[PDB]
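Take a look at the structure set out below.
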Amino acid sequence: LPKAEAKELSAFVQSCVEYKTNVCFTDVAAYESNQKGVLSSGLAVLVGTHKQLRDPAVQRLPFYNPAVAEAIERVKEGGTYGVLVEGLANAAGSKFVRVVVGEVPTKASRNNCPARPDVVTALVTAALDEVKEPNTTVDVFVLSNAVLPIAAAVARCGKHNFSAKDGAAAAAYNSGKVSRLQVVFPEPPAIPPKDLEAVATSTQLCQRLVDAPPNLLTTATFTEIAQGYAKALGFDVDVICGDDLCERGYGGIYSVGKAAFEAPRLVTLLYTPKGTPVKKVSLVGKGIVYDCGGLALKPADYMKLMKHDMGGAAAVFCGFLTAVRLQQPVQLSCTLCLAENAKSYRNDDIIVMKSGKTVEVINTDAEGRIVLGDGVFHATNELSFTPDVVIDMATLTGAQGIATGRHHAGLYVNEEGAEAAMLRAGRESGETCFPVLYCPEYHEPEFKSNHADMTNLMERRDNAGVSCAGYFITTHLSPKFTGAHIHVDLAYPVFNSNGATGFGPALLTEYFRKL
Amino acid sequence: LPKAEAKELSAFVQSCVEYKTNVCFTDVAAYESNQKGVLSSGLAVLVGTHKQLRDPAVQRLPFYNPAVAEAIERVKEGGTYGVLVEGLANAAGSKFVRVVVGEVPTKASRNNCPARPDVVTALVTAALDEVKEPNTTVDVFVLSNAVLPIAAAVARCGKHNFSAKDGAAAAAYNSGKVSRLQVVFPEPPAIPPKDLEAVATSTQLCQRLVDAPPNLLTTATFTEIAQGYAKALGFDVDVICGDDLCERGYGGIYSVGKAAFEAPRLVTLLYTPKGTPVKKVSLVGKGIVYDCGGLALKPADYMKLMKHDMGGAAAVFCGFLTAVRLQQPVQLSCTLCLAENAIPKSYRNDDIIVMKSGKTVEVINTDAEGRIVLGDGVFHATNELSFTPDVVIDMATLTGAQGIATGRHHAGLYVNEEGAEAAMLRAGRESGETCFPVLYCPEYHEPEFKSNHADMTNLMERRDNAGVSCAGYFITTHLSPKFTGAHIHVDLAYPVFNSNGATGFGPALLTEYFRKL
Amino acid sequence: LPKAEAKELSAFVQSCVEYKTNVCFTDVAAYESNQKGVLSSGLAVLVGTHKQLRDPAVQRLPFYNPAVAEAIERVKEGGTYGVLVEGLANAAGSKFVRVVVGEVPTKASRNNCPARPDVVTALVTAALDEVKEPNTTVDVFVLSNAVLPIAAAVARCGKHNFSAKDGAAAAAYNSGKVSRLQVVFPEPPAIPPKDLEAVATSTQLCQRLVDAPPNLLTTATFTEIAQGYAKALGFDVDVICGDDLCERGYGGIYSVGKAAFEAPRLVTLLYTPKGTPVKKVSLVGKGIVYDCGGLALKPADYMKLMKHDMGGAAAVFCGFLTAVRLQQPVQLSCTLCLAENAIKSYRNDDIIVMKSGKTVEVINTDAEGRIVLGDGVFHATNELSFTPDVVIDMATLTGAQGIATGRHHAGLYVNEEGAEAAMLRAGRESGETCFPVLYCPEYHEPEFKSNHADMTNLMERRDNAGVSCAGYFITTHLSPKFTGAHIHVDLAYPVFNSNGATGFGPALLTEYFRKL
Ligand SMILES: [Mn+2]
Ligand SMILES: [Mn+2]
Ligand SMILES: [Mn+2]
């Protein structure tokens, strides 16, 4: 309300709308030609497997010398090893050029990405820690040709573009500590550099949205950001806000967000490609502020996970942006379920969902699943088309971590074929997933209610936690949808010790490529 | 706001602004000259050590007789013993006169006050149980000459001036159970009686502010009480509140109190004496309503500690008033960080606050709020005033770790300069309101507040790594670059109260600290 | 016990009794005289402050070149920076030599060691991670002359000598991953190299004992280790074991350990120097197996802290050994309160008669371990051949210590201000830092009030000077004979870190004895 906050929020909105990636892409041939073998600064990174690092092609690189060769021998698997090379020509005018070698493991299980982009991110991050001059450009020489997962991994790595440190609050929370990164592949990339920049930009925007604190990224500012991109890229944006949600039957999202300073919003984006689209897909994202809870973990654990509660909404939004920027051949909708949930209040309330089914709120902490029900029905009932696939993404349960872990998002899906496709998309993109038990027969009884059609939380916590939360959402699917529904629980993969990971967008982009 | 509720608050403000102590001070010589051996009432109290009680000077007192002599023999250490004296001359017209003997211990460690005023408070408190009438003055004969600690101890004791019992709410919450007390020192006091009364008044005013419930002492009423004394005693008052705090850049104090019904207020009082001041001191005080929390103790424990959450702001305010009344030669500022932490645990969790100092704070725990408001207060004091202080003293009921660390009777001291530490520690032993130092080592405190997106968090990552010190360190990071003096952080979470309520801890310590500057 | 266990336990006892340090000490001049610019191996380490690293004497060092100079510019404060130097002379004949520069901060508060040996340990540990061969000698050039704290800091660093990894359990749990280290000071050390090695040996022996799991370092094996050192170094050992503790009135230590498989033991060691001792100091150490608890922290936290329960007994024991090896002029006794706490309801509300004659109600069975220190403190002050001037008890006692003083500073509860200042000086000089906790017996006594016994074993209110109250309980069992200074050291947290035991205690005791 005050002028100081009003201007701060407008500046933040602009920064997200105007975000440009720090990562550019090229190949070894074009690099030598365009840059004349001159390194961009006094720091370079060489990343690859034990076999790749010993390839003859490595010896022909500009920075290569006997000191680098010894680094390739001395470096550990999953570790880095730095050496100084004196008298090397570089644009920073540095006396020495630091070459940090990083070894990527070949070991990869059937449920992981063979390129191991998880380690690639870790390796470059460790190499960038030596940087004291952040305004420099850093050449990152990768020996793998898996352009998509590597593009995401490098965008993921290093200092985050969101920062409030050292006066960055005055600069619209744009970090000054980030280095420009030039990823140099061995061959010309199968996906154009401009397309890879789009993927890397979305990963970092998603990261920015999830990193941002709830006083900056609000329901209002998210909507303003989405409307900003609609004006720039030319896609349709529909907004159902405040009491219009109640008046038009959206009781779930209205109930969850009615008590907030900012009104709840159901923000639907629409993209339609030129000519015949290969599929019609609807995305639904959970974007509830100050909303994280459950029974599987302790209350203190959920307050930690609450930091990344926009992960679902951010994921689908940036995946949508990539589809428009790459002009992918998919008719796409993206519904953002936005609301501020600001313990006893609303407890035992019976709300009338948009689907017409009634829900008893036995636990007010589990409101995220409720807004997804309205979003799912909206996508499958109220749009100008009926989607072939529905993909809901959300940071839903603590059980997800216990079930599938920190690196694999849980998939709850009705059709096997769609599950397999999404699993392949995770392994190809590096944003990996794993299936969670699909068995509606055993999920329905857990939501039994004396007075309403269903409760909003399973009676017994130890009966397939991730699955049951997924099942709840499926009960609010419109009857005119009879396709594949993919529920993605990404409570944990959305973050690590350094903050947001931008998990989701690249998985969607890779999924749409193989449709 | 309802009329009856608005009328109640105005009456409470007036009771605080116009408060007067029930204690008066004199000596035996002047007492025999003024009262002629006629006791003030039918209850007399004799407090002193085992040795002091057996001194020849004791029998020369007007109330002494063979019964009182036997009382001295039968009394136990730290206990009381009462005897009647039939037909002993007194002004109250009582047939008997009760004489209570209290034995003070001589045992006192190098960290404690030698006079043991903690027991003097307890002995007199027990003695006043046998009071007959509500309008009488009880003569308290102290055998010690430690005037300042005995003054604060006696002001501390007995029934509290704040009360809502037996219809006292209709009398602006002024208790009718508080007996008048006349402290009779052996020799004329080193501090003048008029000055000792100002100290006892500040102790009991501090007690009233802390005892008062949050529906009576609010951010608005504290400010109105501050503004009242400013007009009465003639000192300046600056008040930044509401959206002005946000617009001027005080994001910490603003974020904490923005949800409440009454706006958050940064209330600075300025006192500048006549001539050259011996020192320039800035005082900062935590006064957050409904705000108490941490990780060291259980949630149920912090709700008990919440009761006395104004202790920091009250101690800093009352010490300021004593300096103005005694006209101490110290240029003094006093910033009260006032806000109501109103409305859930999830609200404002993971928010990033742009503090007045320019440094950003990630709020990982919304229960640790006053620690943040002190950061804005400390910067204000060291950056925005017309002068730059030589010493900054912040006082607050901050951490549960203080109780585990230094205990119920000693406030934790976190201070950068050994010299300033020793002075405050000496002040604590001299005043009776004791302190003990907490580890100072910024090297090991800084890493506990590591944040991914902000310059710091508001709470330490590991609770078992010098929790009193870390809370103090956070505050120091928001000190101005202009400031290069001694910072004294006083954590008084526990010493501010006992089983009977507020203790009025702080003001006397500050006054005794100012005296030796 | 089975033959396989007895064999393993005997092998472990021998490894501790015959432990030799991996660290040796010298100076830049002697280094040049002995090996004339030939590095000991393909790894060299340079550790100093921002100012020290830019001293002109650093350019003249054997490993220096333009790359090393660039490392000094690019290294971060508190961090390390490695560079390869091609064709540098080294005994290994390696084609390249890795030179790792580490910057030490000058920042240090009045309660910390000015040399910041905590960072030195971290820097050298990080450097040794890039070691090629595990056995080779690594030259560690330190630009500081504070020899004692640097000695303990380097002993502290790197891979620990105790290990059960990769078949080490077949070699008596001696690690094969530890590198030899040559510390090279700028000037000849003020303390002799051989004396510095003894300090380094005690730090690492202490580290070994604390790192050791409770199925290897038992009450029996600790005694056997002590008896082994008694025969080798030539000092007297007294062992009161089992029912003899009960028969001779040691009800505290007996009650705590009576239920175990191995009996409880009060092991007292005695060292007397030749001539006139400067002081008569008695050491008491808590060495209770499977014993850690309190009210300040959660039950899960005390299980984590239970790993380092021998820290007190180990620190006192290894400090004694250093006094015997260096032949320090202090008459020393060392009482190890050893017991295995088996097997929560058992012994709850028991009233025990302590050796002091005072009775203790056991209101909390988890806090049985302050009790064993009570019997030990009385023994040292009443039952010995001499009456000590100072009694120093050491124990990993309370979770409140971490809350009060932190991870790097041990809590000091002591009656006399002079003895406190001395121990604080010892901590700042040695690097094994301490900080005082509130001393005020007036306010501590009421917390242990009991209806039936003289006292309880635990404070009634946890939020009333937790570390101090634990100390006060111990002081009540001091002998009437004793009128000296009592120093209670609560080292619950400083005894360990993320990598395991730190060997905190011995170097603190050594530096304390040196300035008496
Ligand atoms: Mn991880
Ligand atoms: Mn008390
Ligand atoms: Mn640590």
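Each value in this text was obtained by applying a stated rule to the coordinates, not by laboratory testing. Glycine also receives a Cβ, built like all others from the backbone with ideal geometry; neighbour counts cover every protein chain displayed.
Taking 24 Å as the cut-off for C-alpha to C-alpha distance, list the pairs among C:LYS231/C:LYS355; A:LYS304/B:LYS450; A:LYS159/B:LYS450; A:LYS165/C:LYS76; A:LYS3/B:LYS307 that go past it.
Beyond 24 Å: C:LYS231/C:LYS355; A:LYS3/B:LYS307.
Just how far, in whole angstrom, is the stretch A:265-295 from the stretch B:243-317 if you go by their alpha carbon centroids?
Taking the Cα centre of the stretch A:265-295 as reference, the centre of the stretch B:243-317 is 45 Å away.
With viscosity set to 1.002 mPa s at 20 °C, what whole-number translational diffusion coefficient in µm²/s follows for the stretch B:121-243 from Stokes-Einstein and a Kirkwood radius over Cα pairs? If you can, show how the numbers build up before the last one.
Details: Rh = 16.5 Å.
This corresponds to a translational diffusion coefficient of 130 µm²/s.
What is the Cα radius of gyration of the stretch B:1-107 over 2.2 N^0.38 Å, N being its residue count? Walk me through the numbers on the way to the answer.
Values: Rg = 19.7 Å, N = 107, 2.2 N^0.38 = 13.0 Å.
In units of the globular-protein estimate, the stretch B:1-107 measures up at 1.52.
State, to one decimal in nm, how far the label point of C:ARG60 lies from the label point of C:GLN227, with both points 7 Å from Cα in the Cβ direction.
Modelled inter-label distance: 5.6 nm.
Work out the charge dipole of the protein assembly as shown with +1 on the Cβ of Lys and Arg and -1 on the Cβ of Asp and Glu about the Cα centre, then indicate which of B:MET355, A:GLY483, C:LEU128 is farthest towards its positive end.
Farthest towards the positive end: C:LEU128.
Per residue of chain B, what 222 nm ellipticity follows from adding -39500 (n - 2.57) for every DSSP H run with n ≥ 4, rounded to the nearest 500?
Working: 19 runs with 188 residues, N = 517.
Per the formula, -10500 deg cm²/dmol.
Calculate the radius of gyration of the Cα atoms of the stretch A:241-285 to one decimal place, then report Dmax, the largest Cα-Cα distance, as a whole number, both in Å.
Radius of gyration, then largest Cα-Cα span, for the stretch A:241-285: 14.8, 44 Å.
In whole angstrom, how far apart do the alpha carbon centroids of the stretch B:472-517 and the stretch B:151-182 sit?
Each part's Cα centre sits 26 Å from the other's.
Just want the answer: with Cβ charges of +1 for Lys and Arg and -1 for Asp and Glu, which residue in A:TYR31, A:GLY405, A:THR221 is farthest toward the dipole's positive end in chain A?
Farthest along the dipole direction, towards plus: A:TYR31.
Which distance in Å, rounded to a whole number, links the C-alpha centroids of the stretch C:345-405 and the stretch A:35-61?
Here the two parts' Cα centres lie 65 Å apart.
Evaluate 2.2 N^0.38 Å with N set to the residue count of the stretch C:309-369, then give the Cα radius of gyration divided by it.
On the way: Rg = 16.4 Å, N = 61, 2.2 N^0.38 = 10.5 Å.
Relative to the 2.2 N^0.38 Å estimate, the stretch C:309-369 comes out at 1.56.
Rounded to whole Å and ordered largest first, report the semi-axes of the equivalent ellipsoid of the stretch A:53-104 derived from its Cα gyration tensor (root of 5λ).
Details: eigenvalues 80, 32, 15 Å².
Working through the eigenvalues yields semi-axes of 20, 13, 9 Å.
Which value, in debye to the nearest 20, describes the size of the charge dipole of the stretch A:1-188 about its Cα centre when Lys and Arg Cβ atoms bear +1, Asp and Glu Cβ atoms bear -1, and nothing else is charged?
Taking the Cα centre of the stretch A:1-188 as origin, the dipole is about 220 debye.
Averaged over C:414-422, how many beta carbons belonging to a partner chain fall within 10 Å of each residue's beta carbon?
The shielding value for this peptide is 1.
Once you have the alpha carbon radius of gyration of the stretch B:113-166, what is it after dividing by 2.2 N^0.38 Å, with N set to its residue count?
This ratio for the stretch B:113-166 stands at 1.22.
Placing +1 on the Cβ of each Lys and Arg and -1 on the Cβ of each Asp and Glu in the protein assembly as shown, which of A:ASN450, A:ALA366, C:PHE320 has its Cα farthest towards the positive end of the resulting dipole?
Most positive-ward Cα: C:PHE320.
Provide the three semi-axes, in whole Å and in decreasing order, of the ellipsoid equivalent to the stretch C:189-516 as defined by the square roots of 5 times the Cα gyration tensor eigenvalues.
Here the semi-axes work out to 27, 21, 20 Å.
Can you tell me the convex hull volume per residue for the protein assembly as shown, based on C-alpha atoms, in Å³ to the nearest whole number? Please list the in-between numbers first.
On the way: hull volume 319.5 nm³, N = 1548.
It comes to 206 Å³ per residue, whole-number rounded.
Out of the stretch A:18-83, which GluC sites (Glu not before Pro) are coil in DSSP terms and have no more than 11 other C-beta atoms within 10 Å?
Answer in residue order: A:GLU18.
With the radius of gyration and the Kirkwood radius both derived from the Cα set of the stretch C:1-188, what is their ratio Rg to Rh?
Computed over Cα atoms, the ratio is 1.03.
Rg and Dmax of the stretch C:278-392, Cα atoms, in Å?
Radius of gyration, then largest Cα-Cα span, for the stretch C:278-392: 15.9, 48 Å.
Within the stretch C:31-138, report the trypsin sites (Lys or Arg not before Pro) that DSSP leaves as loop and that have at most 10 other Cβ atoms within 10 Å.
C:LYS36, C:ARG60
Any idea what the dipole of the stretch B:189-517 comes to, in debye rounded to 20, about its Cα centre with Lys/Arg Cβ at +1 and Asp/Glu Cβ at -1?
Dipole magnitude for the stretch B:189-517 comes out near 660 debye.
If all Cα-Cα distances of the stretch A:395-449 are sorted into 10 Å bins from 0 onward, what percent lands in each bin, rounded to whole numbers?
In whole percents, the pair-distance histogram is 22, 46, 26, 5, 0.
Which trypsin sites (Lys or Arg not before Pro) in the stretch A:247-321 pass both tests, a DSSP loop state and at most 13 other beta-carbon atoms within 10 Å?
Within the stretch A:247-321, the qualifying trypsin sites (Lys or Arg not before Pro) (loop, at most 13 other Cβ atoms within 10 Å) are A:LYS274.
Is there a simple number for the mean count of other chain Cβ atoms within 10 Å of the Cβ of residues in C:92-103, and what is it?
Going residue by residue through C:92-103 and averaging, the value is 1.
Any chance you could tell me what percent of the C-alpha pair distances in the stretch C:330-452 go past 21 Å?
Numbers: 3895 of 7503 pairs.
Considering the stretch C:330-452, 52 percent of its Cα-Cα pairs are separated by more than 21 Å.
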